[PDB]
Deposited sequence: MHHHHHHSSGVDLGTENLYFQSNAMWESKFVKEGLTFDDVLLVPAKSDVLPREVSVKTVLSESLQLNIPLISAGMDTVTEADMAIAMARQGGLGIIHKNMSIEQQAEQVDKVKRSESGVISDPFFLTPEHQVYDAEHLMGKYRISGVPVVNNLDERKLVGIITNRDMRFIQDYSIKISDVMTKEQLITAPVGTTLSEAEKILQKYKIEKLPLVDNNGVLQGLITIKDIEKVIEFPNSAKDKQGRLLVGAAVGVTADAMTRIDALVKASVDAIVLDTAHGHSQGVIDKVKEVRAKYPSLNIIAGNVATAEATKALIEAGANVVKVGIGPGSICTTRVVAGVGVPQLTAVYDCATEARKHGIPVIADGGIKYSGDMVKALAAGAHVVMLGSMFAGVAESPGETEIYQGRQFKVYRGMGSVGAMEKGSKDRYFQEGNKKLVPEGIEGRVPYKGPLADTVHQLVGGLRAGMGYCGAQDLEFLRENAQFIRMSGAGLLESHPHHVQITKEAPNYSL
């Protein structure tokens, strides 16, 4: 039928955050008891439904660390050298429990400049010393306590060098090391084989961060999860190869129109080369686009086109979809594949987040709410946000998350939701007019 596309032009209708409210429901569950955890895949498991945007004013290593510590996930932005980005990922992966199975080491023949680089780069504060690279046999350890008395860093590890050291067998756990470090009063516990060949290193920091950040989102090895953004370019594979060597949990293929053919192609290509890699692809606003990314191999779909708070797409190109309808239409399609969606853009308040999750999104992604947080890249106080603009300095990330998560639990309480799955599946909205929205804020 020739005329259908023409006749249907104005037919569709969509809703944004301010058009609706969640409707209260029978609830046996209190806000404090609800579970806010979400699984994006078996290798990607968040304790809070939050991701910081890959954007140069939002997410670099310090941020990805702070996010993961809270149960969420950072995405390292791509506006940096590939070597730089892989390095940013490595810094997040090795922040805690990173040298347990893959330790750095020095030899007596290195300078102390080498020690200070490693401790500085990874924030570890102790370094193992082996006889030689080939042998892998550990002789001595140089640490932060040792650095204090060293005036010149040009001198070799031999000079400022032992005694017997307390070392433990490989596959020693944190709770095991906790007692050893405690019994013997050490802050560093190297791990060797039966031959005394260096295998790994455990520090008290690997211990106390576990205590201090119990909701941390971590891989199986116990290291902080991290994502990274990759464009669709000739550069794409090379960059991914380097990040994968990095061990970063997920790659986000971030483009403006995710329903283009060039993007489907690249997904197909990356899935082929990395069958187990977490591939987050976006951005899409439709069910058809969502279906195409999933059949291309995306294991997560990122959603929204136009809704961003700095996004000029609507005004300049006339293009976009109201975010809740976007999330809803996408989630409707992704649901049939057991595929999670991310809600990307448009979220001003904690209530918006709750609505995004109740319209079907597994996680939400925030740029601007995080832009003035202490841990973000930038330096009353002020900090920049670009895609150009400004937002107040918000203090440490943790305070913003707490109010977000607190809003989420209250909302879950009103809806009677023990967990996010229940919410996505059971929550009902009610549409309201502009005048309906005027009371909502008071």
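Stretches of the deposited sequence absent from the structure, as judged by C-alpha coordinates, are 1 to 20, 182, 401 to 406, 415 to 442, 498 to 511.
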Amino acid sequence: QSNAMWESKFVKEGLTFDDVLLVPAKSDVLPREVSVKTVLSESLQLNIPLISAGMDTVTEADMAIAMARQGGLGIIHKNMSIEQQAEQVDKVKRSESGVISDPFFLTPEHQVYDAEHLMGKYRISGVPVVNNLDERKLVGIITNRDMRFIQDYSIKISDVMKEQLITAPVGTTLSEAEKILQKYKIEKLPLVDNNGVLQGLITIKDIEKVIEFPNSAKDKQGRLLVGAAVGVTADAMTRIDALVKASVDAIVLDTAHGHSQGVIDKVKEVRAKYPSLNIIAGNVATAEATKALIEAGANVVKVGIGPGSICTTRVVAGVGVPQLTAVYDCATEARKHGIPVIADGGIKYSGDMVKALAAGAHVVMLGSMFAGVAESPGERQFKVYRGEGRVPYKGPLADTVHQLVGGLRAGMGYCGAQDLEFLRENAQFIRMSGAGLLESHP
From here on, numbers count along this sequence of modelled residues.
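Looking at mean Cα B-factors across 178 to 186 and 359 to 367, the upper value is held by 178 to 186.
Legend: mean Cα B-factor per stretch from the PDB entry, 350 to 358 versus 233 to 241; the higher mean is in 233 to 241. When the C-alpha B-factors of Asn132, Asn299, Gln88, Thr313 are read from the PDB record, the largest value belongs to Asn132. Across the residues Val391, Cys415, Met55, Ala66, the deposited record lists the maximum Cα B factor for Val391. In the deposited entry, the Cα temperature factor of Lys37 places it in the lowest third of its chain's modelled residues.
In the deposited entry, the Cα temperature factor of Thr290 places it in the lowest third of its chain's modelled residues. Among the modelled residues of the chain, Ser81 sits in the middle third by CA temperature factor in this PDB entry. The entry lists a Cα temperature factor for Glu163 that places it in the highest third of the chain's modelled residues. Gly411 sits in the lowest third of its chain by CA B factor, as recorded in the PDB entry.
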